[PDB]
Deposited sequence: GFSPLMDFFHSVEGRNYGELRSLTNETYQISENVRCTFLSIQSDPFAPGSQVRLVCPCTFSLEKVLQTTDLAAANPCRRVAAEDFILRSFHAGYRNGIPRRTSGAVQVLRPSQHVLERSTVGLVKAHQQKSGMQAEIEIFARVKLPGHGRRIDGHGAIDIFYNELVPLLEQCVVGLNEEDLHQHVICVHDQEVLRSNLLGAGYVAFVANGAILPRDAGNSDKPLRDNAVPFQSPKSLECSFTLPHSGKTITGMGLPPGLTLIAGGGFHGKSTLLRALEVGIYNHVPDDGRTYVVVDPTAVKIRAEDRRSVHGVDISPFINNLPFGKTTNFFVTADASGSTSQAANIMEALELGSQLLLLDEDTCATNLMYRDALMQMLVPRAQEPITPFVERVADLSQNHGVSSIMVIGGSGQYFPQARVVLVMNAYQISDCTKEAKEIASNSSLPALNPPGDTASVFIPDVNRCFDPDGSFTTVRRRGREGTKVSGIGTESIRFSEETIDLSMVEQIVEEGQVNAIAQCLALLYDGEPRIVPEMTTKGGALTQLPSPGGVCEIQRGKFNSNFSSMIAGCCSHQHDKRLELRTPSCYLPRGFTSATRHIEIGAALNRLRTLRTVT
């Protein structure tokens, strides 16, 4: 009894392509363990693929893998990891030539090295559990006639063997080990703060990435990571029962110095993605940071609206103000200042900076220049004069790659040096250098944690009313009607599915606007915890808050409640192409909308 779908396609062979519409909302049993529901049908063969939901039984033990017999009680971190393993096993089927033929007609979201919650694969209650996988399938045509034999080949000779062999026939022991490792990664990260660290870098980690675009670990001539002994510490990982050792970094300022190309940025990049759990053989596994960490850099030409950058830029010429700063075209230093103050507003407790991509004028200032141009005639206060304030008064740590100056040596708690990819702790040497040279707080903090900033939907969106489609373009941008929001320098976005999540939230605001703003604001404001990209709901620290950030957190939480598919009118996406992202990245995107208007 698996032939009805084939019998259908045989019946419409050669007929007008429009007649495919009759598949809409029908479900077919196409093999013993595979059902397929058509969620939508392409209007013609050149349109984007028809969306389907494919369903298989869950054949592994829930008790062994998820530690419960009841699916609804399962730890979301383990459920997410299991969905991520199934997704990888599906794609591995293609790589290993499991389909009898590969049509090129099937599109399923391809995961990065990171283990994110995604709408692609769901472990759900059976219609005991089943597995749903969402895909788009280009139903072939000859001109405007249906290629029924071509369609039959896709379903019966491609999707069926893949799902039967790679999903129904998945290796349960590999699945279990994947899920243990991910759960231990998440428990390790969540133990950092309590143990007195902002970051941990496992011994044996392979940090550099291979050549090109795979983001896979460098396969040859890689120097495994080895902690300086002065910083080495050990964590027990309860799910695998293992003990891991590596470099712990304490709160305060850590500097990473060393020659260009000696491994500094590679270490820092592993830290930036340390907010995500990784596939087990990734190399950066158990390299973790505070989940609110934000990569800060210069970003000249971006727009800014209503951000208080007065801690870094103040006293402009001609009474111009920076307490509610607005620009359509930021410089290096003003973009970086705005990036910092926006990250603080969205709650980041750890700033990660790389001198190679910061604005010099915000990083450094030497004594010679101050004699020529006195501080009172220089609007810009460098980060070195604010970094201790952030840390001591607001508990915000900083990790900074540096190479050009020793001006941070006195402020630093730890100074690392990378040389030929080997790391040393050189804190004592640096302090001696600073003390033997000619370098230079119950003082009111310049940082105001109660930020006064509210989204103005009317002013933000009105320009654009003059369908209203919001869509994600790769990982690089969002088209918002005729506007383009450039995300290419929001560096902790790792999957195009996350840009789709962002687009949905921005459209939600557009489609909901008057009442949705206060509602999301109230909802986000009442939250004590937010979902991480790994599906786990963590406690929110830090005193920084604002209506704008609470509103963003409410959107993000609401998208999580809707399983990453908001289905709002102005953002139409095929189902199963969205990946979880922090409310931080959703706010980063709205901050960059060129028509943005905010108000006090």
**Request:** In sequence order, name the stretches of the deposited sequence that have no C-alpha in these coordinates.
**Result:** 128 to 133, 447 to 451, 478 to 481
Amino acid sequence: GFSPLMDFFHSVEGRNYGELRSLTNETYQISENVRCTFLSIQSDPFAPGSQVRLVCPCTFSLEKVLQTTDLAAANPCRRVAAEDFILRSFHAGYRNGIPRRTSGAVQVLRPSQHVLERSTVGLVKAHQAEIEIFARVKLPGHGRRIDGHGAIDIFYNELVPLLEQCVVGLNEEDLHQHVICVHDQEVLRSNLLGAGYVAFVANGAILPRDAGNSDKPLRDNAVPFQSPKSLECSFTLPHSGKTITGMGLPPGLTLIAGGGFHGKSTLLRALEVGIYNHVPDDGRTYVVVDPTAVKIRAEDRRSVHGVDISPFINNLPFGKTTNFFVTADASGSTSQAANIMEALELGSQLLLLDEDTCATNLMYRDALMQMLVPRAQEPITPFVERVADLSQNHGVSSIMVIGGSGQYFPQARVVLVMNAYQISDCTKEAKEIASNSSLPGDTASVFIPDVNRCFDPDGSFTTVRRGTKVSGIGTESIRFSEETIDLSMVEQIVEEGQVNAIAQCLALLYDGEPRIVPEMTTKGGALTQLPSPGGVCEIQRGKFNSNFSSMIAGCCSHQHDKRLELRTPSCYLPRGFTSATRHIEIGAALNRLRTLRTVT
From here on, numbers count along this sequence of modelled residues.
**Asked** What stretch has the higher average Cα B-factor here, 339 to 347 or 378 to 386?
**Response** 378 to 386
**Mean C-alpha B-factor comparison - 143 to 151 and 207 to 215, higher one** = 207 to 215
**Prompt:** Checking the entry, which one of 119, 103, 185, 165 has the top C-alpha B factor?
**Reply:** 103
**Identity of residue with top Cα B-factor, from 72, 416, 247, 159** = 72
**Message:** Ranking the modelled residues of this chain by C-alpha B-factor as given in the entry, is residue 513 in the lowest, middle or highest third?
**Reply:** highest
**Prompt:** Can you tell me which third, lowest, middle or highest, the CA B-factor of residue 5 falls into for its chain?
**Reply:** lowest
**Request:** Within this chain's modelled residues, let me know which third the CA B factor of residue 458 belongs to: lowest, middle or highest.
**Result:** highest
**Prompt:** Would the CA B-factor of residue 329 place it in the lowest, middle or highest third of its chain?
**Reply:** highest
**Prompt:** Among the modelled residues of its chain, does the C-alpha B-factor of residue 393 lie in the lowest, middle or highest third?
**Reply:** middle
